[PDB]
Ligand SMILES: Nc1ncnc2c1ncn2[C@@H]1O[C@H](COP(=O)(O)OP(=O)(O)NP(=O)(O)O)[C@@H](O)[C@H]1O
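One chain comes next, on its own, written as structure tokens: the form deposited without the named molecule.
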């Protein structure tokens, strides 16, 4: 009848946003509010859970007030989706409704000692011991290790645990808790897959893992899908109930990388997204059955629409230095000044003429994990210029992605059918060309690039009947928002050669210690 709108809370590492999308999947209003990055020691990072909750609320009330000044057809938000920085863990009290300490963040390094103890003592030296259950290697990122650290180092949490009032929760859970006025204690399957406490095969908490890591299953929320009724907004913090004005359900919850996957329409097996940010996170939909990596890639849940609905699994890989390599070239090396110069210099030469730049500044991830690898350049002559170096860095980003996809293809027994791309470095047209030529598939670049926020709003809007199927979602995207297609365009001969150069160059990168 009148015109529908869906809100998406995008709670990121350094800021929170609220985006209102209309039924055409167009973003029509936004507000953004940053939160404090607390660093008590080197490699430590922590957030204030209440500052994050208030930011979400502020983002909502402002974005809503702005929409109703500029859109006379806007009445209400039909539902809210949440998407979030994953692994970041919150500990709060069930009766005080308040956190017991700050929330260690996904890249925080304090769980390091715990990590070594777990590998040595529960995995006999094997960090992969539980990987056929969780999908994950023992690592500092995952929520169980941060939870364990809070019990061992934060008296309040230890206390809270004894009295049976301790709640643990990833940011999704924390937000649905407070936004509910304390009524919902839930997590979606995607975020739960990052806790090191979930069994990928059942999508339920693993009793054995909770025993062995000594995390009481009492502290954990209920696992649900990404799209269903979770709760209603029942708080008026920073005037959010008054902004929403009518009763508003929360009907979408999804981890950020997964959300980008869903927002990029990667509904079928063999469909992948890559986000070209500071680094790169590539997720591929591998289908309804989990796949485990022989190459160190993570196995995770991609999404699940409806309680106990079809569950689609995914493989995930990453590179550390993408956007960061570009910034390095500019600010540390002075290779260009205006952002546009990066692409224009790289296009000014026809190739790299034999050089390889492996920008492994913080080592190698992906399917050749090597933390001793460093940034390295080989093959230079007095004809090499900054143009060749810039182009080579771009090529390296694409080559590492090619390796990650090759690994996923073998682990999943499938092909890559296409690659959707987002992040700021996706605006580098030449990088997108090189990447298509290497992968041999079309690259799709959405002109509506708010993919993460979109993922959550799609989940929400689906559960709320704004869109009635995944096919309709796609057809609406295809009708309303432009996509650019970038098709392969070099030679197989050139590709083979650039790959042979790359593989050699990788042997020269071991340095540190």
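Positions refer to the first chain, counted from 1. Rigid core here is just the name for the largest C-alpha set that superposes within 1.5 Å across the two forms.
The next section is about a form of this same protein that is not shown, the form solved in complex with the named molecule.
Answer with one of 67, 466, 45, 486: the residue that has a non-hydrogen atom within 4.5 Å of the named molecule in the deposited bound form. Exactly one residue meets the criterion: 67.
State yes or no: in the deposited bound form, is some non-hydrogen atom of residue 22 no more than 4.5 angstroms from a non-hydrogen atom of the named molecule? Because a heavy atom of residue 22 falls inside 4.5 Å of the named molecule in the deposited bound form, the answer is yes.
Contact with the named molecule in the deposited bound form for residue 27, defined as at least one heavy atom pair within 4.5 Å: yes or no? Yes, residue 27 sits close enough to the named molecule in the deposited bound form that at least one of its heavy atoms falls within 4.5 Å.
Flag residue 71 as yes or no: does it have a non-hydrogen atom within 4.5 angstroms of any non-hydrogen atom of the named molecule in the deposited bound form? Yes, residue 71 is a contact residue.
With the two forms aligned on the rigid core, which of the residues 204, 75, 183, 410 moves its CA by 2 Å or more between the shown form and the other one? Per the superposition, the moving residue is 75.
Take the rigid core as the frame of reference and indicate whether the C-alpha of residue 214 shifts by 2 Å or more between the shown form and the other one. It does not reach a 2 Å shift.
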